[PDB]
Every structure is written in structure tokens, then in C-alpha cells.
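Engineer: Please read through the structure below; I'll follow up with questions.
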Amino acid sequence: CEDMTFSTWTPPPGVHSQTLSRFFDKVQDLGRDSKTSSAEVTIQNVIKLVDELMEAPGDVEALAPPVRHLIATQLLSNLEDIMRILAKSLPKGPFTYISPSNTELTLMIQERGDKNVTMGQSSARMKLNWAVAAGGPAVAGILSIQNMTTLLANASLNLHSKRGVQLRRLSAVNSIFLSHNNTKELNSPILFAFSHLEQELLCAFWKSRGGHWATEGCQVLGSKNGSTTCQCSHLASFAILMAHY
Amino acid sequence: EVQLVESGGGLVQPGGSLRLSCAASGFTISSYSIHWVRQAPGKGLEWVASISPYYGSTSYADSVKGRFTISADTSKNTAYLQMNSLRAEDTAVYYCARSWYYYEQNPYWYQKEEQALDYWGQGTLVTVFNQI
Amino acid sequence: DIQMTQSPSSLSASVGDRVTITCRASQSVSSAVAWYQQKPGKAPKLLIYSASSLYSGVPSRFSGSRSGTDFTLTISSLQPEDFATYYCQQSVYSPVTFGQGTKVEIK
């Protein structure tokens with residue numbers, strides 16, 4: 001809101017690639033053309049730019065796996081922040097968008113209240129009580145990036161509860177966010193229904209190697225018909241994984 | 001494929017009787033409910049009756065419970081609707097749909113009794129004329 | 001019975017415009033509200049069931065949500081074959097009730 005919305009998208013010190021740099025110059029020009037077009041157009045352009053970066057990476061695929069994971073973590077954080085900031089200036093009610101690369105985004109801007117809310121799209125759906133998004137009108141968003149292989153390749157899965165693991169993501173990286181920043185101690189549990197999936201099936205998220213898949217308290221209610229229902233007590237970038245030992 | 005073909009509709013005088021038939025092909029009616037939905041000319045959709053042949057579970061509307069009788073014969077795999085004591089308010093286009101209990105899709109996400117009419121019929125027209 | 005109230009009952013849009021139809025319901029139907037589309041002279045076709053789930057074959061541009069007793073159907077980008085009449089239905093409590101119907105017309 002203070003015309004510093006796009007200043008966070010910078011390449012971390014140490015990295016040196018000619019594709020990430022061009023992507024960040026593109027987002028800088030996007031911020032330049034953000035006070036003129038529309039909040040509903042800058043968001044679509046951000047999604048399309050992320051799709052361009054993910055679909056055709058240059059020397060990003062030649063980066064070290066820790067550096068790629070750090071890039072992915074920063075990218076997901078920045079995407080959540082930008083989506084919150086842009087949705088803060090949208091008309092009240094649902095906002096749905098599907099990129100040509102099938103990157104699905106849904107939002108729900110509405111007043112504060114304690115009304116049960118169901119929202120989502122094909123790749124992810126949510127069943128939350130609105131008393132947890134209020135923490136101005138509240139925001140609840142779902143950003144599902146289908147292809148995230150290059151940045152998330154050679155990642156490690158840590159369960160924190162408890163040798164070898166053969167990770168294979170089965171669903172899109174569904175990033176969930178609300179208005180309040182403290183997104184790890186939600187009062188009422190959230191119900192998720194992710195798709196595209198289908199020796200174990202887990203609901204794990206991307207926890208800041210610079211990043212690793214972590215379970216950390218997300219009960220898998222069950223899987224059926226290529227869709228797993230997870231009950232989670234926090235909000236992060238969730239993705240179903242197969243944990244072939 | 002799944003097809004529902006209605007029949008039996010046509011002209012009728014008030015106070016008369018008319019029996020509608022909805023033949024179901026491509027599936028067995030013994031696992032879904034066969035709703036009957038009418039639509040008055042130029043008006044919105046309106047429920048009429050429902051049936052669950054494996055349970056029986058006859059259910060009717062308010063302006064309908066007194067006269068219409070809905071039956072389903074598993075031998076012929078068709079559902080009927082024996083409309084009677086017809087009035088001029090019953091002129092409409094009657095569709096037969098197939099109620100689909102999608103609970104078994106995601107039993108951890110849906111409720112037991114949720115249903116939706118996924119395959120509709122084509123609609124037979126019933127005209128109640130007091131003069132011609 | 002649950003009276004399904006619908007708005008605006010008549011909508012004039014264009015190609016590419018986002019279209020939202022509201023189906024606020026009396027009492028409280030939790031999430032079982034389905035959306036149908038009826039082109040003139042044709043039988044309705046199921047679009048969305050359980051207020052958020054897309055039926056098989058429906059384009060992905062259709063989306064739904066629930067906000068208590070308020071159910072909305074949104075179309076991400078309108079297309080020339082999307083101009084028809086839309087109804088919302090509940091089956092939780094007998095009798096099942098349909099919406100009054102919202103008609104979408106070209107601009």
C-alpha cells in the first residue's frame with residue numbers, strides 16, 4: 001500500500017543466475033505498471049510471470065539444491081504477501097482466476113464474522129470457520145501451482161515425530177493464507193480437499209538447506225478417487241507426497 | 001450411455017387422469033433416486049415427487065401429495081408418475097432426473113444424505129385444457 | 001420449507017466479464033446447494049454440487065462458495081455459450097427447493 005509492495009522480490013545475496021535476475025526485473029516493471037492498470041490485472045500478471053519462470057527456467061536448474069529450495073521458500077512467501085496486499089483492495093466477495101498454466105487462485109474478501117465458509121477450486125478446497133481469518137474485511141486465499149519440479153527437486157522430507165525416503169509429490173503446491181500473520185496456531189482446525197493425487201500418503205508443507213517437506217501435525221483423514229482430505233491446524237504451502245521408504 | 005426418456009404426457013381435461021413414464025437406460029435405477037421436476041411455461045423449476053426404489057421412500061410435494069402417485073418397476077427399469085385429479089395449475093413440462101448421492105466420492109468431506117440431479121431427462125409436456 | 005432467494009434474477013454481461021450470482025437461503029443448509037444451467041427449450045444440466053465441487057465435464061471457469069447461508073456461483077471469464085438461466089437447489093430438507101432463477105444476457 002506504501003508503494004513498496006514489490007521491493008521484497010530481490011535475489012538473495014550469493015546467487016548469480018541470468019533467469020532469476022530477468023524475472024525480478026520483470027516483476028519490478030510489473031510494480032511500475034501496477035499503479036495504472038488494475039489490482040485485478042497486476043495479480044494476473046504476477047501469476048503469469050511466476051508461470052513463465054517455472055515453465056522455462058534457465059540456469060536456475062543449474063543452481064545448487066539448497067539455493068533452489070531457498071528460492072522456492074522466498075517465492076512462496078512473496079506470493080502470499082503480494083496476494084494479501086492486492087486482495088486488500090478488491091471488491092467484497094469471491095475472486096477466482098485460472099492461469100493458462102492451470103495456476104488456480106481463489107480469494108474470499110468479506111466482513112468479519114463467525115460463519116462457516118466453504119471455498120476453493122478444482123485443485124484445492126477449504127472448509128474453515130470465518131472466526132480464524134479475521135484475526136477491515138478478512139481475506140482467505142488458495143494459490144495452487146501445479147508444476148513446481150525444478151525448484152522443489154531433491155528436497156528432503158522430515159517428519160519430526162518418527163531411513164531412506166523416495167519423495168514424489170502427488171498434488172499441486174497449494175499455498176493457503178489469511179489476513180492475520182500468525183498462521184501456525186489457528187483456533188479451529190481447517191479441512192482441506194486437494195486433488196490430482198493417486199508406501200504412504202502424507203499431507204506435508206514446505207517448511208523453511210533452506211527448505212524441506214515437513215508434516216508437523218496435519219492429520220490425513222483419508223484418500224479416495226484421486227483426492228486426499230487433510231485436517232490441518234496451520235497454514236502453509238501444502239502438497240500431498242508419497243513416502244516410499 | 002445414460003439416457004432418460006419420458007412419455008405419456010399430452011392433453012387432458014381438468015379432473016382427469018394421466019400417467020407419465022420415464023424409461024431409464026445405461027444404468028440400474030436400483031441405486032439412485034428418480035426425482036420428478038416440473039417447469040410451468042415461462043416459470044422456474046419446481047419439485048413434484050421423488051422415489052428410491054430400493055427403499056421405497058415415497059416423497060411428494062405439498063400441492064401434489066393428495067393425488068400424484070410415483071412408482072418404479074425394477075423389472076422394466078422405468079419410473080412412473082400416476083397424476084390424477086389434474087387442475088389447470090398442473091400444465092408444465094415434467095422432467096425426470098437421477099438423484100446422485102455423492103457421499104461415497106469423499107466420505108470425509110461430504111455428508112451422508114447429500115444428493116444432486118446429475119442426469120436429467122428431456123421433459124414431457126402436460127396440457128390441462130378446459131376447452132379446445 | 002427453505003426459501004431459496006436469488007439475485008439479481010437478471011444479469012447483462014459481456015464476454016470475459018466475471019459474473020457472480022448469489023443464492024442466499026433461509027434457515028441453514030450447511031453446504032448441500034447445487035447449481036444448474038438451463039438454456040431455453042432444453043433440460044437443465046448440473047454444474048456445481050456441494051456448493052464448491054465441479055461436476056464432471058463442466059468448464060473450470062465455474063466456481064462456487066458458501067459464506068454461512070449465502071451461496072455464490074462465479075464465472076471467471078464469460079463465454080458466448082454461458083448465457084442461460086441458473087438455478088440453485090437444496091435437498092437437505094424436504095421439500096427440495098429451487099432458486100427463482102438468474103438469467104444472463106449478452107450486453
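In the C-alpha cells, chains take the letters A, B, ... in the order shown, each chain's residues start at 1, and ligands count up from 1 in the order shown.
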Which of range 12-68 of chain C counts as strand (DSSP E) under DSSP, as a list in words please?
Structural biologist: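 Put together, the selection reads residues 12, 13, 19, 20, 21, 22, 33, 34, 35, 36, 37, 38, 45, 46, 47, 48, 49, 53, 54, 62, 63, 64, 65, 66 and 67 of chain C.
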Engineer: Could you make a table, as a Markdown table, of the residues of chain A that have an atom within 8 Å of an atom of chain C, each with its nearest atom pair and distance in Å to one decimal, counting only C-alpha atoms, in chain and number order?
Structural biologist:
```
| residue | atom | partner | partner_atom | distance |
| --- | --- | --- | --- | --- |
| A:94 | CA | C:65 | CA | 7.5 |
| A:96 | CA | C:76 | CA | 5.9 |
| A:97 | CA | C:76 | CA | 6.0 |
| A:98 | CA | C:61 | CA | 7.6 |
| A:115 | CA | C:68 | CA | 4.9 |
| A:116 | CA | C:68 | CA | 5.3 |
| A:117 | CA | C:67 | CA | 4.6 |
| A:118 | CA | C:66 | CA | 4.9 |
| A:119 | CA | C:65 | CA | 4.7 |
| A:120 | CA | C:52 | CA | 6.6 |
| A:121 | CA | C:63 | CA | 6.4 |
| A:122 | CA | C:54 | CA | 7.1 |
| A:125 | CA | C:52 | CA | 7.6 |
```
Engineer: Counting only C-alpha atoms, figure out which residue out of C:100, C:89, C:16, C:106 gets nearest to residue 29 in chain C.
Structural biologist: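 Comparing C:100, C:89, C:16, C:106 against residue 29 in chain C, the winner is C:89.
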Engineer: Counting only C-alpha atoms, which residues of chain B come no farther than 12 Å from chain A, as a list in words?
Structural biologist: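 Listed by rising number, the hits are residues 102, 103, 104, 105, 106, 107, 108, 109 and 110 of chain B.
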Engineer: Could you write those residues out with N, CA and C atoms, as a short mmCIF file (atom, residue, chain, number, x, y, z; two decimals), in the first residue's frame?
Structural biologist:
```cif
data_model
loop_
_atom_site.label_atom_id
_atom_site.label_comp_id
_atom_site.auth_asym_id
_atom_site.auth_seq_id
_atom_site.Cartn_x
_atom_site.Cartn_y
_atom_site.Cartn_z
N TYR B 102 -23.56 -38.33 -3.76
CA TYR B 102 -22.12 -38.23 -3.97
C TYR B 102 -21.34 -38.31 -2.67
N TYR B 103 -21.93 -38.86 -1.61
CA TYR B 103 -21.21 -39.02 -0.36
C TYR B 103 -20.02 -39.95 -0.52
N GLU B 104 -20.20 -41.04 -1.28
CA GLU B 104 -19.14 -42.03 -1.45
C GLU B 104 -17.95 -41.50 -2.23
N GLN B 105 -18.07 -40.32 -2.86
CA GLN B 105 -16.92 -39.71 -3.51
C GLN B 105 -15.86 -39.33 -2.49
N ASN B 106 -16.22 -38.49 -1.53
CA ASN B 106 -15.33 -38.07 -0.45
C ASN B 106 -16.07 -38.23 0.87
N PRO B 107 -16.08 -39.43 1.44
CA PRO B 107 -16.82 -39.64 2.70
C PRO B 107 -16.30 -38.81 3.86
N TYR B 108 -15.08 -38.29 3.78
CA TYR B 108 -14.52 -37.43 4.81
C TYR B 108 -14.82 -35.96 4.57
N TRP B 109 -15.50 -35.63 3.48
CA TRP B 109 -15.78 -34.26 3.09
C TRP B 109 -17.26 -33.98 2.92
N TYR B 110 -18.03 -34.94 2.41
CA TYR B 110 -19.46 -34.79 2.18
C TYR B 110 -20.26 -35.38 3.34
#
```
Engineer: Which neighbours of residue 85 in chain C fall inside 12 Å, counting only C-alpha atoms, when residues of the same chain fewer than 3 positions from it are skipped, and could you give them as a ChimeraX atom specification?
Structural biologist: /B:42-45 /C:6,8-12,21,35-45,81-82,88,99-105
Engineer: Put those residues in a file: N, CA, C and O atoms, as a compact mmCIF listing (two decimals), in the first residue's frame.
Structural biologist:
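Generated output (out.txt):
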```
# COMPACT_ATOMS: atom_id res chain seq x y z
N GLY B 42 -42.71 -20.74 -18.98
CA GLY B 42 -42.18 -19.43 -18.66
C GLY B 42 -41.88 -19.19 -17.20
O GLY B 42 -41.65 -18.04 -16.81
N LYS B 43 -41.87 -20.23 -16.37
CA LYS B 43 -41.61 -20.12 -14.95
C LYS B 43 -40.39 -20.96 -14.58
O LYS B 43 -39.72 -21.53 -15.45
N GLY B 44 -40.10 -21.04 -13.28
CA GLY B 44 -38.93 -21.75 -12.81
C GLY B 44 -39.19 -23.21 -12.52
O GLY B 44 -40.32 -23.69 -12.54
N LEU B 45 -38.10 -23.93 -12.25
CA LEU B 45 -38.19 -25.35 -11.95
C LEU B 45 -38.87 -25.57 -10.61
O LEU B 45 -38.69 -24.80 -9.67
N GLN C 6 -32.69 -15.59 -4.68
CA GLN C 6 -31.63 -15.44 -5.66
C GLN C 6 -31.57 -14.01 -6.17
O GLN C 6 -32.58 -13.32 -6.26
N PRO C 8 -29.21 -11.42 -9.16
CA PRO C 8 -30.18 -10.32 -9.32
C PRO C 8 -31.43 -10.71 -10.11
O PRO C 8 -32.26 -9.84 -10.39
N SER C 9 -31.57 -11.98 -10.49
CA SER C 9 -32.69 -12.52 -11.26
C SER C 9 -32.65 -12.10 -12.72
O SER C 9 -33.46 -12.57 -13.53
N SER C 10 -31.73 -11.21 -13.07
CA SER C 10 -31.50 -10.83 -14.46
C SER C 10 -30.17 -10.10 -14.57
O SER C 10 -29.97 -9.07 -13.91
N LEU C 11 -29.26 -10.62 -15.38
CA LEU C 11 -27.91 -10.07 -15.48
C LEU C 11 -27.56 -9.86 -16.94
O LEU C 11 -27.84 -10.71 -17.79
N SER C 12 -26.96 -8.71 -17.24
CA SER C 12 -26.49 -8.39 -18.58
C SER C 12 -24.98 -8.26 -18.52
O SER C 12 -24.45 -7.33 -17.90
N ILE C 21 -23.46 -14.84 -9.11
CA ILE C 21 -24.87 -15.00 -8.80
C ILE C 21 -24.99 -15.49 -7.36
O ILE C 21 -24.31 -16.44 -6.98
N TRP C 35 -25.94 -26.15 -8.33
CA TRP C 35 -26.23 -25.14 -9.34
C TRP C 35 -26.48 -25.81 -10.68
O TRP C 35 -25.71 -26.68 -11.10
N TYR C 36 -27.55 -25.40 -11.35
CA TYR C 36 -27.93 -25.93 -12.66
C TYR C 36 -28.00 -24.79 -13.66
O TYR C 36 -28.22 -23.63 -13.30
N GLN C 37 -27.82 -25.13 -14.93
CA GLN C 37 -27.93 -24.18 -16.03
C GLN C 37 -28.93 -24.70 -17.03
O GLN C 37 -28.86 -25.87 -17.43
N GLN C 38 -29.87 -23.85 -17.45
CA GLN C 38 -30.92 -24.25 -18.38
C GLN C 38 -30.97 -23.27 -19.54
O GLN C 38 -31.43 -22.14 -19.38
N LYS C 39 -30.50 -23.70 -20.71
CA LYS C 39 -30.72 -22.93 -21.92
C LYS C 39 -32.17 -23.09 -22.37
O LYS C 39 -32.79 -24.12 -22.12
N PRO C 40 -32.74 -22.07 -23.02
CA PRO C 40 -34.17 -22.12 -23.35
C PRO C 40 -34.50 -23.33 -24.22
O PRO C 40 -33.81 -23.63 -25.19
N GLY C 41 -35.58 -24.02 -23.85
CA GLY C 41 -36.03 -25.19 -24.58
C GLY C 41 -35.26 -26.46 -24.29
O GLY C 41 -35.49 -27.46 -24.97
N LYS C 42 -34.37 -26.46 -23.30
CA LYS C 42 -33.52 -27.60 -23.02
C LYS C 42 -33.59 -27.94 -21.54
O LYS C 42 -33.92 -27.10 -20.70
N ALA C 43 -33.28 -29.20 -21.22
CA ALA C 43 -33.27 -29.65 -19.84
C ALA C 43 -32.06 -29.08 -19.11
O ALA C 43 -31.01 -28.84 -19.71
N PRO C 44 -32.18 -28.85 -17.80
CA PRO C 44 -31.05 -28.29 -17.05
C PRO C 44 -29.90 -29.28 -16.94
O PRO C 44 -30.07 -30.49 -17.04
N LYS C 45 -28.71 -28.73 -16.74
CA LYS C 45 -27.50 -29.53 -16.58
C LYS C 45 -26.81 -29.14 -15.28
O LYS C 45 -26.62 -27.95 -15.02
N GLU C 81 -21.25 -19.24 -24.95
CA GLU C 81 -22.16 -20.33 -24.66
C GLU C 81 -22.56 -20.40 -23.20
O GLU C 81 -23.16 -21.39 -22.78
N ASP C 82 -22.24 -19.38 -22.41
CA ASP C 82 -22.56 -19.36 -20.99
C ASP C 82 -23.79 -18.53 -20.67
O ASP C 82 -24.11 -18.34 -19.49
N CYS C 88 -30.44 -22.64 -8.24
CA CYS C 88 -29.80 -23.27 -7.09
C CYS C 88 -30.82 -24.15 -6.38
O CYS C 88 -31.99 -23.78 -6.27
N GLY C 99 -34.05 -22.25 -6.73
CA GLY C 99 -34.00 -20.81 -6.78
C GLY C 99 -34.95 -20.25 -7.82
O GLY C 99 -35.42 -20.94 -8.73
N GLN C 100 -35.26 -18.96 -7.66
CA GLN C 100 -36.14 -18.29 -8.61
C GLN C 100 -35.55 -18.24 -10.01
O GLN C 100 -36.29 -18.15 -10.99
N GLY C 101 -34.22 -18.30 -10.12
CA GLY C 101 -33.57 -18.32 -11.41
C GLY C 101 -32.96 -16.99 -11.81
O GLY C 101 -33.63 -15.95 -11.75
N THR C 102 -31.69 -17.00 -12.20
CA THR C 102 -31.00 -15.82 -12.68
C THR C 102 -30.65 -16.02 -14.15
O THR C 102 -29.99 -17.00 -14.50
N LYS C 103 -31.10 -15.10 -15.00
CA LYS C 103 -30.86 -15.18 -16.43
C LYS C 103 -29.73 -14.23 -16.82
O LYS C 103 -29.74 -13.06 -16.41
N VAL C 104 -28.78 -14.73 -17.59
CA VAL C 104 -27.63 -13.96 -18.05
C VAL C 104 -27.84 -13.65 -19.53
O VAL C 104 -28.06 -14.57 -20.33
N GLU C 105 -27.77 -12.37 -19.89
CA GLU C 105 -27.97 -11.92 -21.26
C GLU C 105 -26.75 -11.16 -21.74
O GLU C 105 -26.03 -10.54 -20.95
```
Engineer: Do you know which residues are at most 8 Å from range 79-84 of chain A counting only C-alpha atoms, after dropping those on the same chain fewer than 6 positions away, and could you put them as a list in words?
Structural biologist: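 After dropping sequence-adjacent residues, the list is residues 5, 6, 43, 139, 141, 175, 176, 177, 178 and 179 of chain A.
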Engineer: Keeping only N, CA, C and O atoms, write the selected residues as a CSV table (one decimal), in the first residue's frame.
Structural biologist:
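Generated file (again_2.csv):
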```
chain,number,residue,atom,x,y,z
A,5,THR,N,5.4,-2.4,-2.4
A,5,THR,CA,4.9,-3.7,-2.4
A,5,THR,C,5.8,-4.7,-3.1
A,5,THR,O,5.9,-5.9,-2.7
A,6,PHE,N,6.5,-4.3,-4.1
A,6,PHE,CA,7.3,-5.2,-4.9
A,6,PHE,C,8.8,-5.1,-4.6
A,6,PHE,O,9.6,-5.7,-5.3
A,43,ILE,N,-2.5,-8.8,-10.4
A,43,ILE,CA,-2.4,-10.1,-9.8
A,43,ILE,C,-2.3,-11.2,-10.9
A,43,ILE,O,-1.5,-12.1,-10.7
A,139,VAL,N,-9.5,-11.8,4.6
A,139,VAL,CA,-9.1,-12.4,3.3
A,139,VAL,C,-8.8,-13.9,3.6
A,139,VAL,O,-8.2,-14.2,4.6
A,141,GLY,N,-7.2,-17.0,1.0
A,141,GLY,CA,-6.8,-17.3,-0.4
A,141,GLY,C,-6.2,-18.7,-0.5
A,141,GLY,O,-5.7,-19.3,0.5
A,175,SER,N,-0.9,-23.2,-1.6
A,175,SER,CA,-0.4,-22.2,-0.6
A,175,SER,C,-1.7,-21.5,0.0
A,175,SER,O,-2.4,-20.9,-0.8
A,176,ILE,N,-1.9,-21.6,1.3
A,176,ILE,CA,-3.1,-21.1,1.9
A,176,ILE,C,-2.7,-19.9,2.8
A,176,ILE,O,-1.6,-19.9,3.5
A,177,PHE,N,-3.5,-18.8,2.8
A,177,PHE,CA,-3.1,-17.7,3.6
A,177,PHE,C,-4.4,-17.0,4.0
A,177,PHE,O,-5.5,-17.1,3.3
A,178,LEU,N,-4.4,-16.2,5.1
A,178,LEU,CA,-5.5,-15.4,5.6
A,178,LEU,C,-4.9,-14.0,5.9
A,178,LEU,O,-3.7,-13.7,5.6
A,179,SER,N,-5.7,-13.2,6.5
A,179,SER,CA,-5.3,-11.8,6.8
A,179,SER,C,-4.3,-11.8,8.0
A,179,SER,O,-3.2,-11.1,7.9
```
